[PDB]
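Shown next, in C-alpha cells, is the structure this report addresses.
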Amino acid sequence: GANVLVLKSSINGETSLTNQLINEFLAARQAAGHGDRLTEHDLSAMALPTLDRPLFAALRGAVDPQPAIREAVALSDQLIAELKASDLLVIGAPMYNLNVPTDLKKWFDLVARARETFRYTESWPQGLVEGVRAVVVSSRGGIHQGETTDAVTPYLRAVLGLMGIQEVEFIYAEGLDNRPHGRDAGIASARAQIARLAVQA
Amino acid sequence: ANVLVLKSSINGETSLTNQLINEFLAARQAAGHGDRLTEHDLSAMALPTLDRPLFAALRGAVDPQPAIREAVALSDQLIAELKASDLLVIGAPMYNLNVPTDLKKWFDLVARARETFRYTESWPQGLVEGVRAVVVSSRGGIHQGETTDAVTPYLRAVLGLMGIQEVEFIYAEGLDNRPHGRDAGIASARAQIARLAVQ
Ligand SMILES: Cc1cc2nc3c(=O)[nH]c(=O)nc-3n(C[C@H](O)[C@H](O)[C@H](O)COP(=O)(O)O)c2cc1C
Ligand SMILES: Cc1cc2nc3c(=O)[nH]c(=O)nc-3n(C[C@H](O)[C@H](O)[C@H](O)COP(=O)(O)O)c2cc1C
Ligand SMILES: CSc1cccc(Nc2c3cccc-3[nH]c3ccccc23)c1
Ligand SMILES: CSc1cccc(Nc2c3cccc-3[nH]c3ccccc23)c1
Numbered sequence: 001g002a003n004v005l006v007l008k009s010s011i012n013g014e015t016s017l018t019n020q021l022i023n024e025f026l027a028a029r030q031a032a033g034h035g036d037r038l039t040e041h042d043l044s045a046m047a048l049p050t051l052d053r054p055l056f057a058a059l060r061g062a063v064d065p066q067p068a069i070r071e072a073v074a075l076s077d078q079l080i081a082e083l084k085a086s087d088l089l090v091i092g093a094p095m096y097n098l099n100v101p102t103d104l105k106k107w108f109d110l111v112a113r114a115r116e117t118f119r120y121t122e123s124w125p126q127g128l129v130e131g132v133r134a135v136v137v138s139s140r141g142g143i144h145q146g147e148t149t150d151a152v153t154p155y156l157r158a159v160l161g162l163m164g165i166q167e168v169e170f171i172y173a174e175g176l177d178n179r180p181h182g183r184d185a186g187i188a189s190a191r192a193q194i195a196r197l198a199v200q201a
Numbered sequence: 001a002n003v004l005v006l007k008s009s010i011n012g013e014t015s016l017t018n019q020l021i022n023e024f025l026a027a028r029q030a031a032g033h034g035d036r037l038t039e040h041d042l043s044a045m046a047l048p049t050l051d052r053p054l055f056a057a058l059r060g061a062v063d064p065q066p067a068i069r070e071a072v073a074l075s076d077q078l079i080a081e082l083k084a085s086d087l088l089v090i091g092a093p094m095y096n097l098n099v100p101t102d103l104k105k106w107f108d109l110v111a112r113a114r115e116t117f118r119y120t121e122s123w124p125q126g127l128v129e130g131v132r133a134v135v136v137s138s139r140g141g142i143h144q145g146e147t148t149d150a151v152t153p154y155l156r157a158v159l160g161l162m163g164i165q166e167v168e169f170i171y172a173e174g175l176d177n178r179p180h181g182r183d184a185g186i187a188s189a190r191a192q193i194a195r196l197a198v199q
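Residue numbers (this note's numbering), protein chains in the order written: chain V, 1 to 201; chain B, 1 to 199.
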C-alpha cells in the first residue's frame, strides 16, 4: 500500500469542499486498488504554534528551557518524521484572501527547517524529503488558474520543491461563487481530475 | 502623508526589513515629507487566526458572541487605520516562500466583504481609495522575476482586491551569500529606497 499523509486546512469543517474532494480522492485511490495507510491532520483543529523569535532560535539548535518552546520543537520533529515516512502528501489548500489558509502555512513553517527537510548553505540547493509526491486540492470562489492572481499554485510548488517534493499535481475547483451551475461545473472538473489521478501509485 | 507601517519580521532588533523600513521613513523625512506615522509590530500583537466563528462574525452572517467581540473590534480598528492612510509600508521578508504568518493574519482581518471590497456580478471591487503601498521584502536567495517569488504576486493580488493598485517593492536578495551577497543586497535596497523616498 502507500503511506499517505493528509493535511486538511479549511475552516468549514465537515462542510469543506476541499475536505470533501480529498475524501473522494482517497476513496478513488481505494477503488483503484491502493490500500493506503492514512495519517490525517485537521490542521484547523490543532492550534499549531506560530513561528516566533524563540521558536525559530530553538528549531536552529538553541537550547530553550521554556516548556511551550520544547514541545513546539517536539511537534516540529513529529510532523517532519511523518512527512519523511510518507509516499504521498495530500493537501487541502482552498484559496483564502489570495493565499492558503493560515493553519496550512503554520504546518509549512514547522516542517520547512534547514538540515531537516532541506539545506540552503551547500554549493547547490538540496531537498531532504525523498520518494514523496504531492496532490493539492485547491478550490476557489473566483477563477484564477493560470492568472497572476493565483499565488497559491507557485507558493505550494516552491515550498514543496524546497524540501525536494518535485512532483506536485493539482485538483482545482474554480468559479464556485457562481451557484449553482458554476459550482457544479467546478466540482465536475475536479472529479474528472480525481478519476485521472487515482490510478497512479 | 498619513503612513501606516506594518512590521512582520520575527527577528526583533536584528530584523533587516524593520531596519530598511526605518531607513525608508527616515529618507522620506530627509526629502522634506512631514509624515504622520501609525506603526504596528504585528509580531508583538498576537493577532487571532481566522477560524469559522471569526469569519462568520466578520462576514456579518451572525452577531459576534462575547469571546470574538474583541477580534471583530480589532478588525474594524485595523480597517479604519487602513482607509485613513495615504501610504501603506509593509515589511514582508520571505519566510518559506511566503510572507510571515503575522502579516498574513493582518490581511485575514482587513480583507473583508463590504469593508475593503465588494462583490459585483463579475470581479470583486476594492473599496479602499487614496492608498498606495511600498513593500520591503528581503530574501536569503534570489527570486525577483522568478516563479519561486509567490510573495510579490500574493501581495499585488490581496492589495489589488481591496483597491490598492499602486504597489512598489524594495528587494534585498541573495543575503545568504555572505559577506558580499548580504552587503550587495542591502546596497541595492538602499539605492531603491533613495529613488522612492524623493517621490
Ligand atoms: C476566508 C475566506 C477567504 C476567501 N478568499 C477567496 C479569495 O481570495 N479568492 C477566491 O477565489 N475565493 C476565495 N474564497 C472562496 C473559497 O476559495 C472557496 O469557497 C473554497 O471552495 C472554500 O474551500 P473550503 O470549503 O474547503 O473551505 C474565500 C473563502 C473564505 C472562507
Ligand atoms: C523562518 C525563515 C524562513 C525563510 N525562508 C526563506 C525562503 O523561503 N527563501 C529565501 O530566499 N529566504 C528565506 N529566509 C531568509 C530571509 O528571507 C532573510 O533572512 C530576510 O532578510 C529576513 O528578513 P528579516 O530580518 O526582516 O526577518 C527565511 C528566513 C527565516 C527566518
Ligand atoms: C522554520 S525554522 C528554520 C531554520 C533554519 C532556516 C530556516 N529558513 C531559511 C531559509 C529557507 C530558504 C533560504 C533560507 N535562508 C535562511 C537564512 C537565514 C535563516 C533561515 C533561513 C528556517
Ligand atoms: C476575512 S473575513 C471575509 C469576509 C467576507 C469575504 C471574505 N473573502 C472572500 C473573498 C475575497 C476574494 C473573493 C472572495 N470570495 C469569497 C467567497 C466566500 C467567502 C468569502 C470570500 C473574507
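The beta carbon of each residue, even a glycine, is placed where N, CA and C say it ideally should be.
Cβ neighbours of residue i in the same chain (closer than 6 Å, five flanking residues each side left out)
i                : result
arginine 113(V)  : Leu59
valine 137(V)    : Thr18, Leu21, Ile22, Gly92, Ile171
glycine 185(B)   : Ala172, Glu173, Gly174, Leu175
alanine 198(V)   : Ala28, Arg29, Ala32
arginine 114(B)  : none
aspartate 184(V) : none
Any C-beta of chain B under 8 Å from that of residue i
i                : result
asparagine 23(V) : no
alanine 85(V)    : no
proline 94(V)    : no
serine 44(V)     : yes
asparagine 19(V) : no
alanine 62(V)    : no
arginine 183(V)  : no
Spatial neighbours of residue i in its chain, beta-carbon cut-off 8 Å, leaving aside the 5 residues before and after
i                    : result
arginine 132(B)      : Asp86, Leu87, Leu88, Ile164, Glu166, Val167, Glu168
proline 48(B)        : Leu54, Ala71, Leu74, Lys105, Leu109
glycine 181(B)       : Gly174, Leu175
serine 139(V)        : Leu17, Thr18, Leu21, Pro94, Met95, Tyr172, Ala173, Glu174, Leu176, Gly186, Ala190
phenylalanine 108(V) : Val159
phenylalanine 25(V)  : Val90, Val135, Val137, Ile171, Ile194, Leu197, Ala198
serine 10(V)         : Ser16, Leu17, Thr18, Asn19, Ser44, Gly92, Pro94, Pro101
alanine 57(V)        : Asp64
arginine 36(B)       : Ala1, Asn2, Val3
Heavy atom of ligand 1 within 7 Å of residue i beta-carbon
i                    : result
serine 189(V)        : no
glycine 142(V)       : yes
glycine 92(V)        : yes
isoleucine 171(V)    : no
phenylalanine 107(B) : no
Cβ-heavy atom distance, residue i to ligand 2, below 7 Å
i              : result
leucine 51(V)  : yes
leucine 16(B)  : yes
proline 125(V) : no
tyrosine 95(B) : yes
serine 138(B)  : yes
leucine 6(B)   : no
Cβ of residue i within 8 Å of any chain V Cβ
i                : result
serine 138(B)    : no
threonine 116(B) : no
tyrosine 171(B)  : no
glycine 126(B)   : no
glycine 12(B)    : yes
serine 75(B)     : no
Residue i CB to nearest heavy atom of ligand 4 below 7 Å
i                : result
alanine 150(B)   : no
residue 215(V)   : In the structure displayed, chain V extends from 1 to 201; residue 215(V) sits before or after that span and is not available.
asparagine 12(V) : no
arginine 29(V)   : no
Among the options, nearest to residue i - alpha-carbon criterion
i                : options                                    : result
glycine 141(V)   : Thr39(V), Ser16(V), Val199(V)              : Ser16(V)
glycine 12(B)    : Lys83(B), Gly126(B), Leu42(B)              : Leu42(B)
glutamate 121(B) : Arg179(V), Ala57(V), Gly1(V)               : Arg179(V)
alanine 81(V)    : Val129(V), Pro65(V), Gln66(V)              : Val129(V)
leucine 98(V)    : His143(B), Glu23(B), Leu161(B), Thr101(B)  : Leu161(B)
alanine 44(B)    : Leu37(B), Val62(B), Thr101(B)              : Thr101(B)
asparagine 3(V)  : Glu40(V), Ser10(V), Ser9(V), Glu24(V)      : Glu40(V)
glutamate 146(B) : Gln78(V), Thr117(V), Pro154(V)             : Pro154(V)
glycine 127(V)   : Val152(V), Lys8(V), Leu83(V)               : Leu83(V)
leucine 5(V)     : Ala85(V), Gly131(V), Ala188(V), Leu156(V)  : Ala85(V)
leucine 103(B)   : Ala187(B), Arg36(B), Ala46(B)              : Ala46(B)
residue 202(V)   : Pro125(V), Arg53(V), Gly131(V)             : As displayed, chain V neither begins before 1 nor continues past 201, which places residue 202(V) out of reach and without an answer.
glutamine 78(V)  : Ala192(V), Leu156(V), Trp124(V), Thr117(V) : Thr117(V)
Same chain only: Cβ atoms within 7 Å of residue i, ignoring 5 sequence neighbours per side
i                : result
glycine 35(V)    : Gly1
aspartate 150(V) : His144
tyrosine 119(B)  : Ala113
Residue i: CB within 7 Å of a non-hydrogen atom of ligand 3
i                : result
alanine 112(V)   : yes
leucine 48(V)    : no
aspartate 102(B) : no
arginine 182(B)  : no
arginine 60(V)   : yes
Decide if the region 62 to 70 of chain B is in contact with the region 26 to 35 of chain V; the criterion is three or more beta carbon pairs, one per stretch, under 8 Å apart.
Segment contact: the region 62 to 70 of chain B against the region 26 to 35 of chain V, fewer than three CB-CB distances shorter than 8 Å; contact not assigned.
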